[PDB]
């Protein structure tokens, strides 16, 4: 088969045919074949395939937004091993963007009701930015959010990497009732 997996090649193909090349499979298709996120076994169970076609939420607004416009992503320059940091982003109206610094992936967050949600994050995300994403996706105000990981409370100002949180890690929301709005701290 002819693998199209470059920024330029996938971009042109997407623009010409309005679909991904044949070497792309969705995460669920990959999961069905045995791919386990974080194990780097995609090419073992699906030689010559790359992950692509799934919804990209754009919760940080870094891509141009518009009513009715949704975004999808696909892996770029992948052959085998762990997925890399290259992605192409394409909209329902066929705008095309690229990133070479997508170092993140999904984590899980266990809410107070018992429900567990998934959230796309980067290791460089600050804690206060993660709380905003939880608000954006689940509707929980940041002032009701207290996040624990492996016995340690996640503090505003720090990043996920400060706690070695990574793909597939699980965060735990714990009860916070004191409410409150914005708070300020003196910088001496």
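Positions refer to the first chain, counted from 1.
- The mean C-alpha temperature factor is higher for 104-112 when 75-83 and 104-112 are set side by side.
- The stretch 177-185 shows the higher mean C-alpha B-factor when 177-185 is compared against 4-12 in the entry.
- Within the listed group 148, 134, 51, 32, the record reports its top CA B-factor for 32.
- Among the modelled residues of the chain, residue 158 sits in the highest third by CA temperature factor in this PDB entry.
- Ranked against the other modelled residues of its chain, the C-alpha B-factor of residue 124 as given in the entry falls in the middle third.
- Annotation for residue 39: C-alpha temperature factor in the middle third relative to the rest of the modelled chain, per the entry.
- For residue 91, the recorded CA B-factor ranks within the middle third of the chain. Only modelled residues enter the ranking.
- Among all modelled residues in this chain, the alpha-carbon of residue 130 has a temperature factor (C-alpha) in the lowest third.
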